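First up is the structure itself, then whatever we jot down about it.
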Amino acid sequence: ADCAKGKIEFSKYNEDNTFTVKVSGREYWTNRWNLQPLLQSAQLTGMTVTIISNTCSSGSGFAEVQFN
Amino acid sequence: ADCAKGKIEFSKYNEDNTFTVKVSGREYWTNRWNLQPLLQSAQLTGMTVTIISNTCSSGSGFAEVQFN
Amino acid sequence: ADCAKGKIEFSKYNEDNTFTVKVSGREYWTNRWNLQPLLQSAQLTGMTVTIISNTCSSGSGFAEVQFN
Amino acid sequence: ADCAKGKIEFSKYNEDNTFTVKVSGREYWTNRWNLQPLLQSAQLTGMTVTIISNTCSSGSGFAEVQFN
Amino acid sequence: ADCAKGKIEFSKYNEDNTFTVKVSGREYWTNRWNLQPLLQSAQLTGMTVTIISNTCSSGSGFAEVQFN
Ligand SMILES: CCCCO[C@@H]1O[C@H](CO)[C@@H](O[C@@H]2O[C@H](CO)[C@H](O[C@H]3O[C@H](CO)[C@H](O)[C@H](O)[C@H]3O)[C@H](O)[C@H]2O)[C@H](O)[C@H]1O
Ligand SMILES: CCCCO[C@@H]1O[C@H](CO)[C@@H](O[C@@H]2O[C@H](CO)[C@H](O[C@H]3O[C@H](CO)[C@H](O)[C@H](O)[C@H]3O)[C@H](O)[C@H]2O)[C@H](O)[C@H]1O
Ligand SMILES: CCCCO[C@@H]1O[C@H](CO)[C@@H](O[C@@H]2O[C@H](CO)[C@H](O[C@H]3O[C@H](CO)[C@H](O)[C@H](O)[C@H]3O)[C@H](O)[C@H]2O)[C@H](O)[C@H]1O
Ligand SMILES: OC[C@H]1O[C@H](O[C@@H]2[C@H](O)[C@@H](O)[C@H](O[C@H]3[C@H](O)[C@@H](O)[C@H](O)O[C@@H]3CO)O[C@@H]2CO)[C@H](O)[C@@H](O)[C@H]1O
Ligand SMILES: OC[C@H]1O[C@H](O[C@@H]2[C@H](O)[C@@H](O)[C@H](O[C@H]3[C@H](O)[C@@H](O)[C@H](O)O[C@@H]3CO)O[C@@H]2CO)[C@H](O)[C@@H](O)[C@H]1O
Ligand SMILES: OC[C@H]1O[C@H](O[C@@H]2[C@H](O)[C@@H](O)[C@H](O)O[C@@H]2CO)[C@H](O)[C@@H](O)[C@H]1O
Ligand SMILES: OC[C@H]1O[C@H](O[C@@H]2[C@H](O)[C@@H](O)[C@H](O)O[C@@H]2CO)[C@H](O)[C@@H](O)[C@H]1O
């Protein structure tokens, strides 16, 4: 499902090396290392991202994301 | 063949780690990890890309792309 | 704890491959390779970063950081 | 030898994972993956590059390049 | 010691995978792969870099650098 669509409010590198982004008031994290620079680049340019996952409650993990 | 030439409309990181880009109204995906940052950079800067592949219908894979 | 929140005044690549950033007048270092490009991008763009660690005195290590 | 010195006219990711650039009307390819993002950045900012190799005819391989 | 401080005049990817930068009229090289994208980004944006090493003559190696 499309869990959230919006700008990245903040991003955060976590101690376990996962990466959290806050979109549409909800936080989601991913363990895919390659998405770190891609998500930060979207954040910097103010691009809209769509967090895609089976679980959409805040604090959930995701591994799929559309840029624009 | 040159399947599509134009700016990337959107890109998507897939759960299976492949990467999809939509160019000239058609979607294409690649499994080449090195293309991910090159494609996202082309998207953020509005570079014109030419998706090259023997299969050009929307939903097809590719591994070759020219950046202008 | 939130050790420092501000722009990165300088970053430095160390001989042991760790990376140091100076934020709010204090220096912090991290051994997480993935953070290097993220922290440099933040520095180049003037992003506000929050260094998160249980040890916040100048010269402390960290592995967690929020980008705003 | 200095094979070509000029702006990157176009770059291309090849199916065999090599990367081609066209400079001063000639095509050069490299198998050094680390060069890909460096060459694409030079291309985006319009920086002059000097392709260095012992073989300088169009279609030759290289692994050395000066930026500016 | 602080060997040189200024903008990167040019950078060069070498055949042995090392990376050279020219700062304040002197060339320095490093074998640290991680420094490549950091040094190139510094060069592209005009950041001031300070090359730190015990050997400061042109042609010397380094593995420590500050980005301002
Ligand atoms: C001699 C002719 C026999 C049949 O022709 C081949 O048909 C297949 C269709 O099944 C074609 O395969 C397709 O090739 C394209 C590239 O031309 C794509 O493959 C590339 O991209 C994928 C995904 O990124 C992989 O990286 C492959 O290694 C790439 O080559 C497409 O996914 C693939 O189905 C083939 O081109 C015809 O020659
Ligand atoms: C009397 C109480 C002692 C027990 O508490 C622990 O104390 C130590 C101090 O010696 C704390 O260790 C410090 O933890 C921070 C993060 O909170 C830093 O460690 C992180 O960063 C480094 C460098 O990048 C490494 O990546 C570590 O893996 C990270 O956790 C700091 O460097 C470290 O000294 C500890 O937090 C307390 O629980
Ligand atoms: C010494 C043997 C007699 C002739 O000298 C050598 O001739 C060969 C011609 O086949 C030259 O090989 C060419 O070398 C250049 C660099 O000068 C290119 O090789 C580089 O780039 C490729 C592709 O990226 C690889 O990374 C190589 O490792 C690099 O060295 C070119 O592709 C290659 O054909 C050789 O230089 C002469 O000494
Ligand atoms: O003009 C640059 C060129 O770069 C890429 O091709 C390279 C050489 O130009 C080309 O001669 C060489 O062809 C070889 C293949 O390497 C090999 O895999 C195959 O078995 O034989 C052919 C010769 O028949 O390939 C290198 C790349 O390794 C790029 O593929 C090409 O489109 C063009 O951009
Ligand atoms: O990236 C290349 C290289 O950088 C660092 O080494 C530098 C020089 O390459 C190296 O020659 C030099 O060696 C010095 C020692 O520092 C000094 O203690 C000794 O007495 O004399 C030699 C004289 O050559 O060291 C500098 C760094 O100060 C880095 O240390 C090295 O690992 C490597 O990455
Ligand atoms: O329309 C593009 C899609 O690309 C990816 O899927 C492809 C292919 O289209 C599909 O049939 C196959 O099952 O998986 C491929 C990836 O390995 C994405 O996964 C899709 O979401 C579309 O973007
Ligand atoms: O002037 C800097 C040079 O850096 C690289 O060479 C260094 C060093 O200068 C040289 O003496 C040694 O043999 O190799 C080093 C790299 O491992 C480049 O190879 C040179 O072309 C210069 O750029």
Side-chain angles (χ1 to χ4, degrees), chain A residues 32 34 38 64, chain B residues 1-5 8 10-24 26-43 47-68, chain D residues 1-40 42-43 49-67, chain E residues 11-20 29 31 33 36:
Chain A
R32 300 293 164 98
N34 346 63
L38 303 181
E64 191 159 304
Chain B
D2 292 343
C3 305
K5 181 171 186 165
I8 292 156
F10 75 72
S11 69
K12 183 170 158 278
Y13 184 97
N14 304 310
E15 196 170 78
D16 62 5
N17 300 311
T18 57
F19 194 81
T20 293
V21 293
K22 180 167 175 184
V23 182
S24 302
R26 289 180 295 275
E27 293 179 15
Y28 298 97
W29 61 274
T30 181
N31 63 5
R32 304 305 172 89
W33 299 93
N34 305 99
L35 275 173
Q36 295 182 357
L38 302 172
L39 289 173
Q40 198 208 37
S41 293
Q43 186 186 357
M47 290 190 101
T48 294
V49 303
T50 302
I51 301 296
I52 299 157
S53 181
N54 287 334
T55 50
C56 302
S57 57
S58 191
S60 305
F62 69 100
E64 193 164 322
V65 41
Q66 181 168 307
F67 300 89
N68 275 267
Chain D
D2 289 347
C3 299
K5 182 187 175 114
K7 304 311 186 178
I8 292 171
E9 300 173 32
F10 71 71
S11 56
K12 179 167 154 289
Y13 187 98
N14 304 312
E15 212 161 76
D16 62 4
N17 306 306
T18 60
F19 190 81
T20 292
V21 285
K22 182 167 180 183
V23 182
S24 305
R26 297 179 289 276
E27 297 186 2
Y28 295 102
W29 62 271
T30 182
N31 65 7
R32 306 297 172 93
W33 296 358
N34 326 67
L35 275 176
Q36 298 170 7
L38 301 182
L39 288 165
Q40 182 188 55
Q43 183 181 4
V49 298
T50 301
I51 304 297
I52 298 163
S53 185
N54 291 332
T55 49
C56 295
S57 63
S58 194
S60 301
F62 70 100
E64 185 156 320
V65 44
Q66 185 169 308
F67 297 100
Chain E
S11 61
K12 181 166 160 293
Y13 186 93
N14 308 312
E15 204 158 84
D16 59 1
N17 304 302
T18 56
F19 194 79
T20 295
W29 63 275
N31 61 10
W33 294 342
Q36 295 173 5

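Every number for a ligand or one of its atoms is a count from 1 in the order of the listing. Values below: all heavy atoms of this structure, side chains included; hydrogens, waters and symmetry mates excluded. Below, read A as the first sequence line, B as the second, and so on, with proteins coming before strands; counting in each chain starts at 1.
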Any chance CH2 of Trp33(B) has more than 12 other-residue heavy atoms, nucleotides or ligands included, within less than 6.0 Å? yes
Specify whether the nearest protein heavy atom to [atom] is under 4.0 angstrom away.
atom                    : answer
atom 34 (O) of ligand 4 : yes
atom 3 (C) of ligand 4  : yes
atom 21 (O) of ligand 4 : no
atom 25 (O) of ligand 4 : no
atom 14 (C) of ligand 4 : no

From atom 9 (O) of ligand 4, work out which of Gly61(D), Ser58(D), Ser60(D), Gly59(D) has a heavy atom at the shortest distance.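 It is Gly59(D) whose heavy atom sits nearest to atom 9 (O) of ligand 4.
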Counting heavy atoms only, name the option from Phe10(D), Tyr28(D), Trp29(D) that's nearest to atom 8 (C) of ligand 4. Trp29(D)
Measuring from [X]:[atom1] to [Y]:[atom2], what's the distance to the nearest 0.5 Å?
X        : Y        : atom1 : atom2 : value
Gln43(D) : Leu38(B) : CD    : CG    : 10.0 Å
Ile8(D)  : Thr20(D) : CD1   : OG1   : 11.5 Å
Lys22(B) : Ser58(B) : NZ    : OG    : 8.0 Å
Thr48(B) : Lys5(B)  : OG1   : NZ    : 7.0 Å
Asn34(B) : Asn34(A) : CG    : CG    : 10.5 Å

Under a 3.5 Å cutoff, is there a donor and acceptor pairing between the side chains of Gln40(B) and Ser11(B)? no
Is it the case that the side chains of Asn68(B) and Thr50(B) hold a donor-acceptor pair, with the cut-off being a distance below 3.5 Å and no angle test?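 Absent: no donor and acceptor within the cut-off.
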Give yes or no for whether the N/O distance cutoff of 3.5 Å, strictly under, is met between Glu64(B) and ligand 4. no
Taking every heavy atom of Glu64(B) against every heavy atom of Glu15(D), the minimum-distance pair comes out as OE1-N, 3.7 Å
Using 30° and 60° as the class boundaries, would you call the ring planes of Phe67(B) and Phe19(D) parallel, tilted or perpendicular? tilted
How would you list, by chain and number, the residues with a heavy atom under 4.0 angstrom from ligand 1?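 Ligand 1 pocket, heavy atoms under 4.0 Å: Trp29(B), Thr30(B), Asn31(B), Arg32(B), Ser53(B), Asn54(B), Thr55(B), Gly61(B), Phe62(B), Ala63(B), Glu15(D).
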List the closest protein heavy-atom neighbour of [atom]: residue, atom name, distance to the nearest 0.1 Å.
atom                    : result
atom 27 (C) of ligand 4 : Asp16(D) OD2, 3.3 Å
atom 5 (C) of ligand 4  : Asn14(D) ND2, 3.8 Å
atom 1 (O) of ligand 4  : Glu27(D) OE1, 2.7 Å

A student checking ligand 4 against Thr18(D) at a 4.0 Å heavy-atom cut-off should list atoms 27 (C), 28 (O)
Could you tell me, atom by atom, which parts of ligand 4 come under 4.0 Å of a heavy atom of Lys12(D)?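 What qualifies from ligand 4 is 32 (O), 34 (O).
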Does any part of the side chain of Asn31(B), heavy atoms only, come nearer than 4.5 Å to the side chain of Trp29(B), both counted from C-beta?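 Touching, per the 4.5 Å side-chain cut-off.
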From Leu35(B), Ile52(B), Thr30(B), residue fulfilling side chain to side chain contact (heavy atoms under 4.5 Å, CB included) relative to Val65(B): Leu35(B)
